[PDB]
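> First the structure, which I've put down as structure tokens, then a few questions once you've had a look.
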Amino acid sequence: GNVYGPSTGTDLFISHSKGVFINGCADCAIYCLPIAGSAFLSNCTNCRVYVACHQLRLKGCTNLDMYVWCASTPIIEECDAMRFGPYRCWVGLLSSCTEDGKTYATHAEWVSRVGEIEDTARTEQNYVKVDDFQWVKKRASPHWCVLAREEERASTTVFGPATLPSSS
């Protein structure tokens with residue numbers, strides 16, 4: 001369970017692990033190698049985040065663009081101005097490597113082999129459905145939406161060096 005942040009204005013590189021917690025980051029891009037477990041973000045604002053994971057939960061976040069490959073539906077809580085896109089927008093992952101130097105040619109391979117999500121076909125599109133569970137009114141939640149094609153930020157950024165966790 002690696003803990004990262006708080007941090008402002010510096011791009012973060014989160015290596016593969018079985019769980020991450022990201023607290024109090026602002027005004028940056030966050031590039032995560034696939035996490036074979038849950039990712040929890042709290043109190044983050046104005047960040048662009050690229051993450052693959054088994055579960056994704058966000059609390060107290062505002063103006064996050066989330067590029068996500070998740071085995072389950074992402075959950076938000078006390079969040080607003082959230083926009084969701086696919087992990088494949090991190091084009092630079094494909095020119096990156098694992099800690100052991102392994103490289104894969106597609107995002108599905110990365111997510112299957114490093115993320116340990118076996119059913120890549122069924123999960124890729126989980127980012128279009130978000131569970132804003134405290135919004136119990138009948139109408140769609142106004143707190144999140146899906147990024148339009150032209151608003152996708154297709155990052156060519158290569159991973160590394162890994163950001164050192166604050167704790168574990």
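Quick note on naming: the chains in the structure tokens go A, B, ... in the order shown, residues restart at 1 in each chain, and ligands are numbered from 1 in order of appearance.
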Could you produce a table of the residues of range 125-158 of chain A lying within 12 Å of range 20-31 of chain A, with the nearest pair of atoms per residue and their separation in Å rounded to one decimal, using only C-alpha atoms, ordered by chain and increasing residue number, as a Markdown table?

```
| residue | atom | partner | partner_atom | distance |
| --- | --- | --- | --- | --- |
| A:153 | CA | A:29 | CA | 10.6 |
| A:154 | CA | A:29 | CA | 11.9 |
| A:155 | CA | A:31 | CA | 9.5 |
| A:156 | CA | A:31 | CA | 11.0 |
| A:157 | CA | A:31 | CA | 8.6 |
| A:158 | CA | A:31 | CA | 9.1 |
```
> Residues near range 97-110 of chain A, anyone? I mean within 10 Å using only C-alpha atoms, not counting same-chain ones fewer than 3 positions away, as a VMD selection string.
chain A and resid 15 to 16 33 to 34 52 69 87 to 91 93 to 94 113 to 121 123 to 124 158 to 160 162
> Once you have the residues from the selection above, write them out as a short mmCIF file (atom, residue, chain, number, x, y, z; two decimals), in the first residue's frame, restricted to C-alpha atoms.

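Once written, result_27.cif looks like this:
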```
data_model
loop_
_atom_site.label_atom_id
_atom_site.label_comp_id
_atom_site.auth_asym_id
_atom_site.auth_seq_id
_atom_site.Cartn_x
_atom_site.Cartn_y
_atom_site.Cartn_z
CA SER A 15 5.34 2.48 -10.32
CA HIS A 16 3.43 -0.85 -10.35
CA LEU A 33 1.91 1.95 -14.27
CA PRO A 34 -0.87 -0.66 -13.81
CA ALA A 52 -4.96 1.20 -14.48
CA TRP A 69 -8.66 1.27 -17.13
CA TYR A 87 -5.98 4.79 -20.21
CA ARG A 88 -4.93 4.26 -23.82
CA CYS A 89 -4.53 8.10 -24.03
CA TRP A 90 -1.21 7.55 -22.24
CA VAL A 91 0.56 6.77 -25.51
CA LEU A 93 3.30 3.97 -21.63
CA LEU A 94 4.10 1.98 -24.76
CA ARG A 113 0.50 -8.66 -17.58
CA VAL A 114 1.40 -5.88 -15.07
CA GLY A 115 -2.12 -4.97 -13.84
CA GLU A 116 -3.33 -8.56 -13.59
CA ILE A 117 -6.72 -7.79 -15.14
CA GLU A 118 -7.50 -10.97 -17.05
CA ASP A 119 -10.64 -9.80 -18.87
CA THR A 120 -9.27 -6.78 -20.76
CA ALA A 121 -12.11 -6.74 -23.40
CA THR A 123 -13.10 -3.90 -18.57
CA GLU A 124 -11.58 -1.35 -20.99
CA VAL A 158 7.83 8.37 -20.94
CA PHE A 159 7.56 6.93 -17.41
CA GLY A 160 10.31 7.71 -14.97
CA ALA A 162 9.62 6.56 -10.28
#
```
> List as a ChimeraX atom specification the protein and nucleic acid residues near residue 126 in chain A, meaning an atom at most 8 Å away when only C-alpha atoms are counted, but skip any in the same chain fewer than 5 places from it.
/A:69-74
> Restricting it to C-alpha atoms, dump the selection as a PDB file, in the first residue's frame.

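Once written, part31.pdb looks like this:
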```pdb
ATOM      1  CA  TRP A  69      -8.664   1.265 -17.133  1.00  0.00           C
ATOM      2  CA  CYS A  70     -10.488  -0.286 -14.206  1.00  0.00           C
ATOM      3  CA  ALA A  71     -11.689  -3.827 -13.503  1.00  0.00           C
ATOM      4  CA  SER A  72     -14.692  -2.305 -11.716  1.00  0.00           C
ATOM      5  CA  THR A  73     -16.816   0.866 -11.805  1.00  0.00           C
ATOM      6  CA  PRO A  74     -14.899   3.873 -10.333  1.00  0.00           C
TER       7      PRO A  74
END
```
> Could you write out, as a short mmCIF file (atom, residue, chain, number, x, y, z; two decimals) with N, CA and C atoms, in the first residue's frame, all the residues of range 2-97 of chain A that DSSP marks as helix (DSSP H, G or I)?

```cif
data_model
loop_
_atom_site.label_atom_id
_atom_site.label_comp_id
_atom_site.auth_asym_id
_atom_site.auth_seq_id
_atom_site.Cartn_x
_atom_site.Cartn_y
_atom_site.Cartn_z
N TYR A 87 -7.42 4.90 -20.54
CA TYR A 87 -5.98 4.79 -20.21
C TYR A 87 -5.09 4.78 -21.46
N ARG A 88 -5.64 4.29 -22.56
CA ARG A 88 -4.93 4.26 -23.82
C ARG A 88 -4.45 5.67 -24.30
N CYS A 89 -5.04 6.75 -23.76
CA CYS A 89 -4.53 8.10 -24.03
C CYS A 89 -3.10 8.30 -23.53
N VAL A 91 -0.19 7.36 -24.42
CA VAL A 91 0.56 6.77 -25.51
C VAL A 91 1.98 6.45 -25.05
N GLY A 92 2.55 7.29 -24.20
CA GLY A 92 3.93 7.10 -23.72
C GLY A 92 4.21 5.86 -22.88
N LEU A 93 3.16 5.24 -22.32
CA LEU A 93 3.30 3.97 -21.63
C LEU A 93 3.99 2.94 -22.53
N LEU A 94 3.62 2.97 -23.81
CA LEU A 94 4.10 1.98 -24.76
C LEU A 94 5.58 2.15 -25.06
N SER A 95 6.15 3.32 -24.77
CA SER A 95 7.62 3.56 -24.85
C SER A 95 8.29 3.54 -23.48
#
```
> Find, counting only C-alpha atoms, the residue in A:127, A:144, A:133, A:4 that gets nearest to residue 68 in chain A.
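Going through A:127, A:144, A:133, A:4 one by one, the smallest distance to residue 68 in chain A is for A:127.
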> Quick check, in Å to one decimal: how far apart do CA of residue 86 in chain A and CA of residue 49 in chain A lie?
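So the two atoms, CA of residue 86 in chain A and CA of residue 49 in chain A, lie 10.6 Å apart.
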> Have a look at A:79, A:39, A:140, A:32 and name the one nearest to residue 1 in chain A; count only C-alpha atoms.
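For residue 1 in chain A, the nearest of the candidates is A:39.
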> Any idea what the distance is between CA of residue 128 in chain A and CA of residue 145 in chain A?
7.9 Å
> Mind checking DSSP for range 16-164 of chain A and telling me the strand (DSSP E) residues as a ChimeraX atom specification?
/A:19-23,25-32,38-42,45-53,55-59,62-70,75-77,82-86,131-132,144-146
> May I have the selected residues written with C-alpha atoms, as an mmCIF file, in the first residue's frame?

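Final file, part.cif:
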```cif
data_model
loop_
_atom_site.group_PDB
_atom_site.id
_atom_site.type_symbol
_atom_site.label_atom_id
_atom_site.label_comp_id
_atom_site.auth_asym_id
_atom_site.auth_seq_id
_atom_site.Cartn_x
_atom_site.Cartn_y
_atom_site.Cartn_z
ATOM 1 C CA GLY A 19 -2.191 -0.719 -3.974
ATOM 2 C CA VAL A 20 -1.789 3.051 -3.994
ATOM 3 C CA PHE A 21 -3.029 6.035 -2.010
ATOM 4 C CA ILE A 22 -2.538 9.507 -3.466
ATOM 5 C CA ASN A 23 -3.292 12.417 -1.144
ATOM 6 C CA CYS A 25 -1.776 16.561 -5.126
ATOM 7 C CA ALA A 26 -2.465 19.629 -7.302
ATOM 8 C CA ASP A 27 -1.631 21.157 -10.690
ATOM 9 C CA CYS A 28 0.173 18.173 -12.180
ATOM 10 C CA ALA A 29 0.027 15.092 -14.348
ATOM 11 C CA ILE A 30 0.112 11.729 -12.606
ATOM 12 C CA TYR A 31 1.290 8.711 -14.631
ATOM 13 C CA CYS A 32 0.666 5.294 -13.033
ATOM 14 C CA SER A 38 -6.943 -0.535 -5.534
ATOM 15 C CA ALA A 39 -6.080 3.117 -6.172
ATOM 16 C CA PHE A 40 -7.480 5.755 -3.800
ATOM 17 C CA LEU A 41 -7.141 9.492 -4.538
ATOM 18 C CA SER A 42 -8.150 12.105 -1.954
ATOM 19 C CA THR A 45 -7.372 19.221 -7.529
ATOM 20 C CA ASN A 46 -6.526 20.214 -11.114
ATOM 21 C CA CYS A 47 -4.663 17.020 -11.989
ATOM 22 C CA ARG A 48 -4.530 14.807 -15.067
ATOM 23 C CA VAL A 49 -4.267 11.154 -13.934
ATOM 24 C CA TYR A 50 -3.487 8.039 -16.030
ATOM 25 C CA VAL A 51 -4.132 4.860 -14.039
ATOM 26 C CA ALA A 52 -4.959 1.205 -14.481
ATOM 27 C CA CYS A 53 -6.261 -0.656 -11.408
ATOM 28 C CA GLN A 55 -10.672 -0.683 -7.997
ATOM 29 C CA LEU A 56 -10.632 3.119 -8.204
ATOM 30 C CA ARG A 57 -11.986 5.439 -5.520
ATOM 31 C CA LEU A 58 -11.836 9.231 -5.357
ATOM 32 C CA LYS A 59 -12.810 11.438 -2.405
ATOM 33 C CA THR A 62 -12.180 18.684 -8.015
ATOM 34 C CA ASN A 63 -11.239 19.219 -11.711
ATOM 35 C CA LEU A 64 -9.480 15.868 -12.284
ATOM 36 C CA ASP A 65 -9.221 14.457 -15.802
ATOM 37 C CA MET A 66 -9.116 10.686 -15.127
ATOM 38 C CA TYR A 67 -7.751 8.367 -17.851
ATOM 39 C CA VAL A 68 -8.760 5.034 -16.512
ATOM 40 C CA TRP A 69 -8.664 1.265 -17.133
ATOM 41 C CA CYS A 70 -10.488 -0.286 -14.206
ATOM 42 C CA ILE A 75 -16.511 5.332 -7.191
ATOM 43 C CA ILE A 76 -16.515 9.055 -6.410
ATOM 44 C CA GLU A 77 -17.491 10.869 -3.234
ATOM 45 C CA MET A 82 -14.570 15.084 -12.922
ATOM 46 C CA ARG A 83 -14.006 14.003 -16.505
ATOM 47 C CA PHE A 84 -13.270 10.406 -17.557
ATOM 48 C CA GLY A 85 -11.348 8.990 -20.462
ATOM 49 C CA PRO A 86 -9.484 5.800 -21.400
ATOM 50 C CA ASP A 131 -20.578 5.447 -9.323
ATOM 51 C CA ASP A 132 -21.338 8.758 -7.657
ATOM 52 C CA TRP A 144 -18.768 13.744 -13.689
ATOM 53 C CA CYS A 145 -18.843 13.230 -17.446
ATOM 54 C CA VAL A 146 -16.988 11.438 -20.252
#
```
> Which residue, A:9, A:14, A:43, A:137, has the smallest gap to residue 164 in chain A when you use only C-alpha atoms?
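For residue 164 in chain A, the nearest of the candidates is A:14.
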> Using CA of residue 167 in chain A and CA of residue 2 in chain A as the two end points, give the distance in Å to one decimal.
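Spanning CA of residue 167 in chain A to CA of residue 2 in chain A is a straight-line distance of 6.2 Å.
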